[PDB]
Amino acid sequence: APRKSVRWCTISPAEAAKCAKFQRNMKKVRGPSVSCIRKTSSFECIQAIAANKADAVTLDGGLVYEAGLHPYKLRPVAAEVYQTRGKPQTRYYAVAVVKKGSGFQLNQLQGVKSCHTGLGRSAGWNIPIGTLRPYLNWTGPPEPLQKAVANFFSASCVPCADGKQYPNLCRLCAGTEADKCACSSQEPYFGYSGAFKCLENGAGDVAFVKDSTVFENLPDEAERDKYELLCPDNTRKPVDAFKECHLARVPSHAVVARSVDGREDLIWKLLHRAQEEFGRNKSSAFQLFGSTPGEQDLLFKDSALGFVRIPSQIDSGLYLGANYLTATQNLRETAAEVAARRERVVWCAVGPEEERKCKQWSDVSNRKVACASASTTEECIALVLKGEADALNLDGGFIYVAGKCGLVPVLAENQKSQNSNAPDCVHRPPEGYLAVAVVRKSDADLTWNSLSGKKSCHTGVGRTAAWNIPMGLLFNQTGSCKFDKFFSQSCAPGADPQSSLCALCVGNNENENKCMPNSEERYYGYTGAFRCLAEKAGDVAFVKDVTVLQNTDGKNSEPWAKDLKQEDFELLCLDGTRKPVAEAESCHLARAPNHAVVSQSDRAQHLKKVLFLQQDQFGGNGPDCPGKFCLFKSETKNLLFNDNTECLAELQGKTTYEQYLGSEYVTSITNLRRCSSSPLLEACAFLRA
């Protein structure tokens, strides 16, 4: 038997008002239960939630950002969806309206009366001010943005703005006595609709509202045309025309709750039913997405198909997305820094081992490449999708993912084939390493059929290196998903600490990071992949050819395999035979795409560029290489970049993840995820949609 009530908080009184009905009505059907908590406004409302008293409630982009933060830390459980022409979406165009004829356009905005939905809201501020910013006569954050804005225009009415110190900004407002400039319904002109009025009534000459404002208000095609629409091309365009005309695009409004014990579960069901039982067009009793004539969008935006549950993992930053995220910091960050933050790179590291390395690179490159590391690799990706990163090397195994999260491949990795070896590589098309299986000269009582439940050595879960290919085969070999029981004891980082799969790991010296997919744990990756059956803890190992050769026979000083033999271990061919490590090529599971760098679509080129320089500085023939740092060098461990890799090269007419990895590798890995499902991916799936 579930829980109590969802104390949804409120801005205006009218807000508390219309809410109540909701409350009432609800009971009539007997589903969930709420309780409209009376309070100041959204902003304040936020705090209320972060101080038990409240929880559920919708917030505009701009807010959300502010929402999930230092002391509040609140995450959007669900975003509301809107149709309105086109198809159901969960994002919207940020635009600028005005009255027909006027004369100015985007840039000429200076010296006029504006209109803003509310101070802060992405819609009527963040983007607006942001896009205009360039020409403004302001520097960095210390000196309030308000001021800047304030005396850029002639005047205006920015609800939440401060009239105290600031004049104009709260001038054009229509608020009655002291009800003027209220960050809630009270002061009229607050909201998308209201703000529209601001211009309609002549006070303001330009309004910055939603891609579907007017429409809502002005039905009769007639009047409607009386106003035009501003497009960043420094010209005007028809109202309905916001596809190529619009300042920006932002994520839809979404209800936010607490990070932990914020009653997530509850909330969902609450809206869930309510948005079906009394959502849009349903019973007459109450109208969910429909506020009174008075003020519009109350509780939730006015007219919006319904809402959709945001995936557990999606966090503030994440949801808003980089695009937004980044042009929503300049307003709190100086002008100088911006530039810096732009041109320059931030590599994402995995495991402190790497972290340390990463660090080095900074000072050497003179900070040009700054750093930021995460725990799991997946964790690193996020950050890039969040923008806190910039880009990082990557296994193809996950490259799939990254791609699916939008980012794409930049340059790739070029090993070293002993032929006409030297510098060519830079453009020399990368072949790709090969998937093979290694056992011992001893235990020859094993074939690719005999395997069953031996001692599986995996570099890590869901990776080109090992896991992926074989596992694929295991599903093409057998139609069963359970790879857990399939093999008795093993070590495949990224899996359950108490699973047959992860099992056999060994953490650190002081037995720390155990099963942890990263440097620390000594059983993750290539190097560690051998240390499995090498010291005899593991059995058949899953690595590429070279692996063996980069340790056995004096190719690694570390205790364990400082003298093992190459001829010792064997490959476990497909038909069922065997081969030596020396003789690879024929006895090869398959060809594996090379690892590579990846970034945010837009942040490509530059990145690449920068990288080349650095690659020109301390790489294979890199002049300053051993004199300071050898980019690719990672004390026989393969940190950030591999170790064999001699250079970074482009992609022969293939920049999609479908193209780089090829339709074969690709379609397959999907099939492998049909069982084991990823959250990050899952996220992206909703996010990218």
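For the reader, a short list of remarks on this structure follows.
- Note that the stretch 259-269 has calculated 3J(HN,Hα) couplings of 5, 10, 6, x, 6, 1, 2, 2, 2, 2, 3 Hz, one per residue in order, obtained from phi through the Karplus relation 6.51 cos²θ - 1.76 cosθ + 1.60 (θ = phi - 60°); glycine and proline are x.
- Once C-alpha pairs closer than 8 Å and six or more residues apart are averaged by separation and normalised to the residue number of the chain, the relative contact order reads 13 percent.
- Charge tally in the Cβ shell below 11 Å around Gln313, where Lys, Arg are +1 and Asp, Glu are -1, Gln313 excluded: -3
- Inter-label distance, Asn671 to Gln605: 4.0 nm, where each label sits 7 Å from its Cα along the C-beta direction.
- Crossing angle, helix 377-386 versus the chain [Cα axis fit, 0-90 degrees, rounded to tens]: 30
- Highest average first, the peptides 395-406, 281-292, 119-130 ordered by how many other beta carbon atoms sit within 10 Å of their residues are 119-130, 395-406, 281-292.
- Near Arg367: Cβ cut-off under 15 Å, other residues only, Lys/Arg at +1 and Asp/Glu at -1. The net charge is +2.
- Other residues within the sphere of radius under 13 Å centred on the Cβ of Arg263, judged by their own Cβ, net out at +3 (K and R +1, D and E -1).
- Cut-off under 5 Å, modelled amide H: who pairs with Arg249 long-range: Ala94
- Amide H contacts of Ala182 (H built 1.01 Å from N, under 5 Å, at least 5 apart or other chain): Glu187
- Applying the Karplus relation 6.51 cos²θ - 1.76 cosθ + 1.60 with θ = phi - 60° to the stretch 592-599 yields 3J(HN,Hα) values of 10, x, 5, 6, 6, 8, 7, 8 Hz, where x marks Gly and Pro.
- Less than 5 angstrom separates the built amide H of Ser599 from those of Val408, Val410, all sequence-distant by 5 or more or on a different chain.
- Per-residue Cβ neighbour rank within 10 angstrom, fewest leading, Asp545, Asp240: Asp240, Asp545
- Kirkwood estimate for the stretch 92-250, i.e. one over the average of 1/r between Cα atoms, Å: 15.4
- Normalising the Debye intensity of the stretch 433-592 to I(0), with uniform scatterers on Cα atoms only, and taking log10 at q = 0.13, 0.18 Å⁻¹ returns -0.53, -1.07.
- P(r) histogram, all alpha-carbon pairs of the chain included - 20 Å bins from 0, percent: 16, 41, 29, 12, 1
- Helical mean residue ellipticity (222 nm; -39500 (n - 2.57) per DSSP H run of 4+; nearest 500) of the chain: -7500 deg cm²/dmol
Every read-out reported here was derived from the displayed coordinates using simple, explicitly stated rules and does not represent laboratory data. Every residue, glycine as well, gets a Cβ built from its backbone with ideal geometry; the counts of neighbours run over all protein chains shown.
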